[PDB]
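Single chain ahead, by itself, as structure tokens, in the form deposited in one PDB entry.
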């Protein structure tokens, strides 16, 4: 019953020490087996099914999913879930911040968020557009769900979808090379580090940002 709670809580506390980094989390090969075993245990834990997931889990997932330390799996269901967890991070940031440099960082997160969210939605869309045949239902269903702030860009991708493979690749290939992924990797990485910094400083989380705070106090 609730010994299973205590075991699961303890397994979660171990993940917290493996996942919360100063910089970004990645699967080092010496930790894959235990991290996997911890995730599988929580995943099948009866007591954890309706439990509020800590925000360090979502952050570690985003860091892992987008390799922030062809490595990103551009799959509909996965990126949709990834965007949902990125949203969970942002809501938690907003709530915790709502309680000079406070507003500078708060605004920086808001701009990096939308820009990162756009980048993810865009590159998922590019991946829909590279397939043959296209899945028009899911492509549309994805744009409706996630790109509703960048509506004119999605309108343009929607009417690009009517063209056959050759022209789709030429638009996608040229637009990939105008703004490459490295831009969004950098924006996304910065949103995570900026969110971590805010939450530790003001909202009393612990993201191992003590050394980062001392460097900003030094004046560089």
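Heads up, when I say rigid core I mean the largest set of C-alphas that superpose within 1.5 Å between the two forms. Positions refer to the first chain, counted from 1.
Not pictured, yet referred to below: the form deposited with a partner chain bound.
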query	finding
Candidate spot 145, 166 and 169, all three touching its partner chain in the deposited complex (heavy atom, 4.5 Å)	no
4.5 Å heavy atom contact, residue 135 and its partner chain in the deposited complex	no
Contact label in the deposited complex: residue 115 to its partner chain, heavy atom within 4.5 Å	yes
Contact label in the deposited complex: residue 93 to its partner chain, heavy atom within 4.5 Å	no
4.5 angstroms heavy atom contact with its partner chain in the deposited complex for residue 194	yes
Out of 34, 156, 165, 27, the residue that alone shifts its CA by 2 Å or more between this form and the one not shown when the rigid core is the reference	156
